[PDB]
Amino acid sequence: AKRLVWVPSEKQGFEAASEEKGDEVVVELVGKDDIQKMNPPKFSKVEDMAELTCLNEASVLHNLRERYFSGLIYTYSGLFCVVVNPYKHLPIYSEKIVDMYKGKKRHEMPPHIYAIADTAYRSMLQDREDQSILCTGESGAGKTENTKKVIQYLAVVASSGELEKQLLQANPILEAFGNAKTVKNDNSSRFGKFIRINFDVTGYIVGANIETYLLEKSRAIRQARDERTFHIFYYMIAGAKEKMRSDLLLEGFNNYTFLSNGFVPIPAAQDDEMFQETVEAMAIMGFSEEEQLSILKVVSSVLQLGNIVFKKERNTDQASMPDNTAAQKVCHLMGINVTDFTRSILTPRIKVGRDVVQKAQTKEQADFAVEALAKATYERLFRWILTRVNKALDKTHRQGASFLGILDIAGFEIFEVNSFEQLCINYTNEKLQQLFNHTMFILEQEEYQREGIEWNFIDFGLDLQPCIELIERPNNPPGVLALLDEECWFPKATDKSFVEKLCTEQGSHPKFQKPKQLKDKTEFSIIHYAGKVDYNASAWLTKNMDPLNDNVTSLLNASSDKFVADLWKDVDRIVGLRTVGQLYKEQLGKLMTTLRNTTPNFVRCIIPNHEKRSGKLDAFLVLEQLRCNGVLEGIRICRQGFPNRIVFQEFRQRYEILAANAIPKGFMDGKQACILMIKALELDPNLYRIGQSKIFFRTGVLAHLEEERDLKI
């Protein structure tokens, strides 16, 4: 105790330092409000930050930093956990470490993703409540990496092994077709998922189901500078052997228009060797060599669609296709006639009342039509692959009693240009952050009032209802998505008119910022929980409607290739000659209903730096993430409230060994038996509250009782 307090810093965020002259203080190694109390050295690299005597931004930052540079990425923060991305493969995920954490309690072992998975797994069997592990974080924080380690741990711990083999190959297959290199993450998930692991009444895994959300299908046709399209396009071009190469009609990386930057490498993996890992993974799942070839022919046909060149002819508006080489390759792979495809793409027949008539197509209309067919073809392939992955994983005939779900969405992201995909991705993170706020501060305090314990409501200031109403509200007033749907059903509506209606209807909203007169109603900003994001509404009406050339879809429906005809079997919900925003809300509502019927376990992934480097912790980036995530407030509710709850029967059964001669023989009311035990144990009254059906305890109190229970042998 040498008067050491945290002083705000500009290089390392906060720095420690050792007279009080009025409303100011002098440090040496400043305002009175600027100083923050420093914890004593006994809390060096503490496992749970709720144990810290002085809870403040500087103490949480320092404890994460001291642990990070000691190869310790996991740190408990009360009920939830925090994990900083190491950007280095650490030796903390071996089968020996899976064995060490097997059946262990949170306090019995150091913080780890295996202990989070085991704690939820035991709560599922003890409380008979479905569990869910929800990984939060911005792009590249480590949500997918932690999701896969939960699966790896549960497959070993909850087993008697073909199901475990197939479950471990589910993410490698989906990542080949759904992941891509972006400027933020080299293996960025361009699709969200909720992996449901089913268990029998005893507790062993019987099956699994993966529910994916909107795929970023627009990535298959165009990519920004330094970014790659979906991984499989590179795996196929680099790894396809001599014979398969001729069957797929492949060329080099510089011979495809849909590959905007040609070949772009990933430092961690070779594309030719990743093709063999994907082929081996698909073989484990049950895909035959003929089905894998069919899959790769569709991937190749997506690329060949991009090489179709249309020319705007002089003296006429109708477009021409002088070189039909790309179209011939497309039709050979897709199993359709070339003459039919060419006349369908250039001069389709549109319904103009009850009959159809041939309507002309300009170069812009024909190029748009080809681009939208490639996006739809790729989305249907990814949907078919997932349907077969789920058919293999949920193949069992055993009765599932409970489930443990893991949510792995695409994280928050701010690119140079943010389109409709980025809005829905960032909004999902806004809803997931509000689910954390609702669980930690609203449902926690409602449970205290429900059990009749003396409690005063504390307002932690974390609530994102204005942004939720701004985007998702359907009526009174209509939100961004509702206004986008309304504009699509107008005849002469443009992307410029949508932003103009957005500015008149939601202009004065506190989380909406109108564009400056420099941008001609092209962009608009939204103040998200993480930060302000500028959205360019170019092509949003066409992206929301998703129109398809019904003539070309009719040919693909009646294709000679059975695999292509299977992808284009459902052609009834095709608008052309429900919107994506409407499908987004129905997918989001279904996930929220499912999560409300589960006990969530939050894993907050924190990104250390924007350079993808190991041994670098940008203090202000970490501080900003802890503020928008609500880590400090979430630890505060654990310290100020009673995080651990236990019913009278489980308290009496589990801790009667510590007060054996306290309860008399025979029948005794559960509530009264616990009062008799607490009097014998001599516990401080501030450490607990007796409710109507259960006893509430302060942080670490129930952990001390479990440690004392071990002494009795």
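All residue numbers refer to positions in the sequence shown, first residue = 1.
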Quiz item: Would you class the number of unmodelled deposited residues between residue 160 and residue 161 as none, 1 to 3, 4 to 9, or 10 or more?
Solution: 10 or more
Quiz prompt | Residue stretch of maximal mean CA temperature factor, 353-361 vs 206-214 | solution = 353-361
Quiz item: Which is higher in the entry, the mean Cα B factor of 67-75 or that of 405-413?
Solution: 67-75
Practice problem: Quick one: which of 142, 581, 547, 452 shows the highest Cα temperature factor in the PDB entry? | Solution: 452
Quiz item: Among 113, 577, 331, 370, where is the Cα temperature factor highest, going by the PDB entry?
Solution: 577
Practice problem: Ordered by C-alpha B-factor within the chain, which third holds residue 234? Give me lowest, middle or highest, please. | Solution: lowest
Quiz item: With respect to C-alpha B-factor, does residue 522 fall in the lowest, middle or highest third of the chain as deposited?
Solution: highest
Quiz item: By the record's CA B-factor, is residue 609 among the lowest, middle or highest third of residues in the chain?
Solution: middle
Practice problem: Select lowest, middle or highest to describe the third in which the CA B-factor of residue 507 falls within its chain in this entry. | Solution: highest
Exercise. State the tercile, meaning the lowest, middle or highest third, of residue 379 with respect to the CA B-factors recorded for its chain.
Key: lowest
